[PDB]
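[1] So I pulled this structure from the PDB, and the sequence comes with it:
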2 protein chains.
Amino acid sequence: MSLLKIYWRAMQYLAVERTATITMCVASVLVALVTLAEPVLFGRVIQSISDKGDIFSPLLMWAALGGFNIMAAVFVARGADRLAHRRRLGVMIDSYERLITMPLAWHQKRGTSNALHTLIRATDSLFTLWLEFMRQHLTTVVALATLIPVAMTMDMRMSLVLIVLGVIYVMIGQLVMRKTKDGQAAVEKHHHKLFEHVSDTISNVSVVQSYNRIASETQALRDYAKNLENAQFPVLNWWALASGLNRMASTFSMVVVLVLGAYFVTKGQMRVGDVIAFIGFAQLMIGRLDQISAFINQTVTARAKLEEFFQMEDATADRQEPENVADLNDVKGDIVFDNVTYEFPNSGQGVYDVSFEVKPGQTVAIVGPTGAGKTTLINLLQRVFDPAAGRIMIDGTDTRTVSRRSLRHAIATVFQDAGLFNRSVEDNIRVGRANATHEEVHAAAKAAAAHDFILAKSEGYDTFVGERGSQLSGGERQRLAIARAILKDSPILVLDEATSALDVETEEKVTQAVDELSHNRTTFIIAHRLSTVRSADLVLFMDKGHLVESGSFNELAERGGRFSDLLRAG
Amino acid sequence: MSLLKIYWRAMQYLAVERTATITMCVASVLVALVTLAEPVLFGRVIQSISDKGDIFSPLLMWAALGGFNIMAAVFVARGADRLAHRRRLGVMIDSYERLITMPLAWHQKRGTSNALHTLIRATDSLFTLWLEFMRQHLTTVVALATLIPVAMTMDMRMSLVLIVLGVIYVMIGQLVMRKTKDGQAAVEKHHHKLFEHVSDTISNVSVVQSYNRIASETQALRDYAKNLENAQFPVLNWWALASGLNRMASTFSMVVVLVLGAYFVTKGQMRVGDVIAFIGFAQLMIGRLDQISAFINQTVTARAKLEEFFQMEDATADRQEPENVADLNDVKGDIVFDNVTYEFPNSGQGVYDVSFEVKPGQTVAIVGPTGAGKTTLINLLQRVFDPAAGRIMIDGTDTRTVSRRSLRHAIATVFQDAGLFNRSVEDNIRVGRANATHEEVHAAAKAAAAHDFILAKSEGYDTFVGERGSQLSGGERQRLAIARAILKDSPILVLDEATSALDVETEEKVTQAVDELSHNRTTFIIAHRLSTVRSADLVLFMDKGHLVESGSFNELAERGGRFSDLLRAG
């Protein structure tokens, strides 16, 4: 019963918008009633006592219903697509704004690309469902459900005939659909083999021509083509049947209905109008059955993505209860970690009960080998994930009782692989401040030594950098990220391998600038280059989940053995 | 008149296969005649003197035509797609085998990827054209062209009415199509802007969340959505009209025809059957006009690719006249170049009248800086492009009078970026010999020191390497190419920067193996690594299109000044 559940949950979204949905559904009901009423009036016009009598009276009604059908076919078709577009945009906006504001750990668990693809494809399929369903298939469903009583009360024998014809047509349609799907699934493998071979051999034309392999490649292609012919032969009959079934069924239904009508009229139990009515009934029944069968197929195909979308929306629906928690204000800087421990891959906890203190105006440099616990410590400093054990204290206030909107503002962190939007370089720089202006941007660029690089080259400081910074090299991206970070000028600052892809000449000036800008601020520095560490005030050693050394630059000469090994190494 | 020309040139390909095309066209003509004849017989059945008289006689004929229509709808639909598939495969095979055997210079001029895409897309569009045209639109064209005389002779007033209705419907269809295309072209830009923004901001979720930019991004998305709503508002009416026009026209035509029929019958100048016939005539005319208009739109869209395909096929149609030219046999090796000169980019000829001699059993190493004339010389050795000036002599026979199938076999050349198929590594190695066997493959791999690397790792020597060798590193690809070249063991051999991506340890053994295997053969070696040149017998210096030095390793110590500079440099 998954199909009906997804139909209901897709109709709930339309039920969010009540007025337009009510207008569309009542319009569809009226269109269905007119669609049923038209053939009866056509039969009334045609019968008209042979054709001798009053023709004007039924003809006027028939023309009026025809004009109403024209106007409704315009109005319903316009309203349905307007509603579908508006609802798809609203749903996409709501899902996006609920998805973007939710922790990263879920993004790494699922995959941001996967979430984006799910959202886009599911919204497109849902829009198609909304657009087609309301108008055409609400009309068809109501039309058939109301047509059953009319045939039941008019010409019971032909009512049973129509029901039998519809059932047989639907069953044959399902059979053809299944046996065509099987054949297509069988053929696709040979098709893909053929075209992959063609592409691979054409791309490497030089190798083929250099070894006199033209004859062999042509023979292989002919063999693959013969394989396709053999694989396609069994399914040609079903392909032809799928192509022709609609006209087959229309002609067969018309023939059966007309033959029975003539047989009954010859016996005097029926009249011409009741036959002209049932011919139209059969024709419209066949057409609408075909349409709704195609719709059901499309929905069955799209169910796989729709269930995933609904699962993601249900999962990404609730966060912590909103409240005006006591956010830290006038942050000065004193960071203590006590007994903190976390399990990153749900097993094999990295950090083992680390504890340390960071004083005002002091810079801390963390160094280690293959141990990944320093990155986990940095993440805990930003409070990416709440620690299962241990505590973090800043300014005498618990980090767990501080609003994220203030904690994010209080710390500026630049890491190894900075990301840039596909906007202009000025726009990318501008995100440091909420408002900012055009004045201090140049000063920040000069401080990061990016103003000179971006002024003349790359067509001024307004060019559109490629996606994920694909139009610039790693050094330029790192310089831009440094400029953004120093423009943010948060009192708490973090470097994480953001200066590991540049030569010494610019590295020295970048380090000098970031140190001068951080004289009054506290910074956490992590890097594999043992050149910016010599200017630090407190060096910490992070090895295999443990902290073993805590001291200044002048006290680490004789402190630690492995640390001494690293110091003598470089 | 381009459209009719492409239609004619697309029908020529079907005209290649005569019997099946004749059967399909005569079947389509019969189907069209039956389609026209059916409404007249329906009117005959309905009229039947009110409905009092002989009903069996017309009803039997009508049922017979219905059954024939069913059988024809199956048979024609099957035959059309069988023919279309066979013809598309044949055309693709012919075009591929004519394209793959033609010089590279055209491939670089156009682009092998572009040629492949043109061929595939054009063949797909041509197959769709063949499949739809024959059955459905040959039936429609013949049906309308024959329907005009029938209406002309039956009920001239209604013939004129039908012609007017058809003309008006086609004109309104064209208007709606144009005004929908304009709106879609206007909307696409805002649509793409919206979705590009969504993708860019979701991908960089960490940056957005780290700077409290969620509100700004949501506001920007809402602004883009409002822009889409504003851009889509003007075209909703035309979208609704395009959706509804078919039912609009069907209902309007039926209403007009029935009203005129009742008006004429009231005056006694017409009968019921002639009205029931014209209602069906109008219905089928509307349906077939819609179908053929959609077909014309599709063909107009596909013309852009079809003209390019025809241009490429005409260009890639003729080569030099086939002949049993005197191919060189029992090649021993003595290569002389005299006064050869070529213009690569049609301007600024690289090589300037070079002349040199290469003796049996002697290896020649060509060295140079930024000069690209050495690569042109190598290409001329393989006779990639015929020299405009100068001559090349081998074995006392002109290279211009030697078959390519022998010249390619006589020389084995491995260059900087070797290409490998997406087959197994064994299959890639096997192309050295036409037949070969599984025995000497292992010996060749051992000689190239690739057997040990490929035996245990990468799941034996049968794994499917990725496209263009994407599953292996540059060193492994170079080793595989060396193995293939030494398996070919041609008496003339060429290295072109095929050992410039490996460390010294394997480089020394690779050079030793290739030198030992080339003791009895003549080789041309080009590389930027000045380590394999010390074992050469004749070193040539190629600078800015000129040859200035010609001597052995022992005579180049005091020969040349710039060459001496390169020698002392490395």
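    Nice, thanks for sending it over. Residues are numbered from 1 along each chain as shown, chains lettered A, B, ... in the order given.

[2] can we go C-alpha only for contacts and neighbour counts from here?
    OK.

[3] Please parse chain A into its domains.
    Using curated CATH domains, the domains assigned to chain A come out as A:1-316, A:335-569.

[4] can you redo the ones you listed as CSV with mean neighbour count and distance to chain B?
    Output for the domains of chain A, formatted as CSV (neighbours: other CA atoms under 10 Å in any protein chain shown; distance: least, CA to the nearest CA, whole Å):
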stretch, mean neighbour count, distance to chain B
domain A:1-316, 17, 5
domain A:335-569, 17, 6
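
[5] Out of these, the one nearest residue B:339 is which?
    Of all the domains of chain A, it is domain A:1-316 that lies closest to residue B:339, at 25.9 Å by CA to CA.

[6] Export the domains of chain A as CSV, with columns for distance to residue B:152.
    Listed next are the domains of chain A as CSV, based on distance: least, CA to CA, whole Å:
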stretch, distance to residue B:152
domain A:1-316, 24
domain A:335-569, 65
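
[7] closest one to residue B:18 among those?
    Nearest of the domains of chain A to residue B:18, taken as CA to CA: domain A:1-316 at 19.7 Å.

[8] what about that closest one, how long is it end to end?
    24 Å (CA to CA, to the nearest Å).

[9] Going by residue numbers, what spans are strands in chain A?
    A:335-341, A:354-358, A:364-367, A:389-394, A:397-398, A:411-414, A:492-496, A:522-526, A:538-543, A:546-551 (DSSP state E).

[10] Compile the ones you listed into CSV and extend it with columns for distance to residue A:100.
    Formatted as CSV, the strands of chain A follow (distance: least, CA to CA, whole Å):
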stretch, distance to residue A:100
strand A:335-341, 28
strand A:354-358, 32
strand A:364-367, 31
strand A:389-394, 26
strand A:397-398, 26
strand A:411-414, 19
strand A:492-496, 24
strand A:522-526, 27
strand A:538-543, 33
strand A:546-551, 35
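
[11] Could I get the contacting residues of residue A:162?
    Contacts for residue A:162 were tallied using CA atoms under 8 Å, 6 or more residues apart in numbering or on different chains; they are residue A:282.

[12] any idea how far residue A:250 is from it?
    From residue A:162 across to residue A:250, the span is 12 Å (CA to CA).

[13] Identify the contacts common to those two.
    Common neighbours of residue A:162 and residue A:250 (criterion: CA under 8 Å, 6+ apart): residue A:282.

[14] just to revisit the earlier point, to residue A:323, which of the strands of chain A lies closest?
    Per CA to CA, nearest to residue A:323 of these: strand A:397-398, 15.8 Å.

[15] Determine which of the strands of chain A approaches residue B:40 most closely.
    Distance to residue B:40, taken as CA to CA, is lowest for strand A:411-414 among the strands of chain A, at 82.0 Å.

[16] Tell me which of the strands of chain A sits nearest to residue A:461.
    Closest to residue A:461 of the strands of chain A is strand A:411-414 (CA to CA; 21.4 Å).

[17] Please work out which residues outside the closest one touch it.
    A:382, A:481-482, A:485, A:488-496, A:498.

[18] which residues touch residue A:229?
    Counting by CA under 8 Å, 6+ apart, residue A:229 touches residue B:86.

[19] give the contact list for residue A:130.
    A:10, A:11, A:14, A:80, A:84.

[20] Going by distance to residue A:437, which of the contacts of strand A:411-414 wins?
    For the contacts of strand A:411-414, the nearest to residue A:437 is residue A:488 (12.8 Å; CA to CA).

[21] from the contacts of residue A:130, which two are the most distant?
    A:10 and A:80 (15.0 Å).

[22] sorry, back to before: of all the domains of chain A, which lies closest to residue B:467?
    domain A:1-316 (7.5 Å).

[23] chain center to the closest one: distance?
    25 Å (CA atoms, centre = their mean, to the nearest Å).

[24] Counting residues, name the longest helix you see in chain A.
    In chain A, with assignment by DSSP state H, the single longest helix is helix A:156-203.

[25] can you list contacts of stretch A:27-46?
    For stretch A:27-46, contacts defined as CA under 8 Å, 6+ apart pick out A:55, A:58-59, A:61-62, A:65-66, A:69, A:72, A:76, A:134-135, A:138-140, A:142-143, A:147, A:272-278, A:280-281, B:272.

[26] Just the C-alpha atoms of that stretch, please, in PDB.
    Extracted as PDB, the C-alpha positions of stretch A:27-46 are listed here (Å, rounded to 0.1, in the frame of the first residue of the first chain):
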ATOM      1  CA  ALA A  27     -13.700  22.700 -11.800                       C
ATOM      2  CA  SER A  28     -12.500  19.100 -12.500                       C
ATOM      3  CA  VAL A  29     -15.800  17.700 -11.200                       C
ATOM      4  CA  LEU A  30     -17.800  20.100 -13.500                       C
ATOM      5  CA  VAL A  31     -15.600  19.100 -16.500                       C
ATOM      6  CA  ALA A  32     -16.200  15.400 -15.800                       C
ATOM      7  CA  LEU A  33     -19.900  15.900 -15.600                       C
ATOM      8  CA  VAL A  34     -19.900  17.800 -18.900                       C
ATOM      9  CA  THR A  35     -17.700  15.100 -20.500                       C
ATOM     10  CA  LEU A  36     -20.300  12.500 -19.600                       C
ATOM     11  CA  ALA A  37     -23.200  14.700 -20.600                       C
ATOM     12  CA  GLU A  38     -21.900  15.500 -24.100                       C
ATOM     13  CA  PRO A  39     -22.300  12.000 -25.700                       C
ATOM     14  CA  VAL A  40     -25.900  11.700 -24.500                       C
ATOM     15  CA  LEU A  41     -26.800  15.100 -26.000                       C
ATOM     16  CA  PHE A  42     -25.000  14.000 -29.300                       C
ATOM     17  CA  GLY A  43     -27.200  11.000 -29.300                       C
ATOM     18  CA  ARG A  44     -30.300  13.100 -28.700                       C
ATOM     19  CA  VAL A  45     -29.400  15.400 -31.600                       C
ATOM     20  CA  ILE A  46     -28.700  12.500 -34.000                       C
END
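
[27] sorry, back to before: nearest to residue A:469, out of the strands of chain A?
    Nearest to residue A:469 among these is strand A:411-414; the distance by CA to CA comes to 15.2 Å.

[28] Centre of the chain to that closest one, how far?
    Strand A:411-414 has its C-alpha centroid displaced from the chain centroid by 29 Å (CA atoms, centre = their mean).

[29] Strand partners (parallel or antiparallel) of that strand?
    Using DSSP bridges, strand A:411-414 pairs in its sheet with strand A:492-496 (parallel).

[30] got the angle for the strand it pairs with vs strand A:522-526?
    If you take axes from the mean of the first three to the mean of the last three CA atoms, to 10 degrees, strand A:492-496 sits at 10 degrees to strand A:522-526.

[31] What lies in contact with strand A:492-496?
    Contacts of strand A:492-496 (CA under 8 Å, 6+ apart): A:333, A:410-416, A:518, A:521-527.

[32] switch to 6 Å and redo it
    Strand A:492-496 is contacted from outside by A:411, A:412, A:413, A:414, A:415, A:416, A:522, A:523, A:524, A:525, A:526, using CA atoms under 6 Å, 6 or more residues apart in numbering or on different chains.

[33] Which one of these is nearest to residue A:226?
    residue A:416 (54.4 Å).

[34] give the contact list for the closest one.
    A:496, A:497, A:498.

[35] go with 10 Å
    A:474, A:478, A:481, A:495, A:496, A:497, A:498, A:499, A:500, A:501, A:526, A:527 (CA atoms under 10 Å, 6 or more residues apart in numbering or on different chains).
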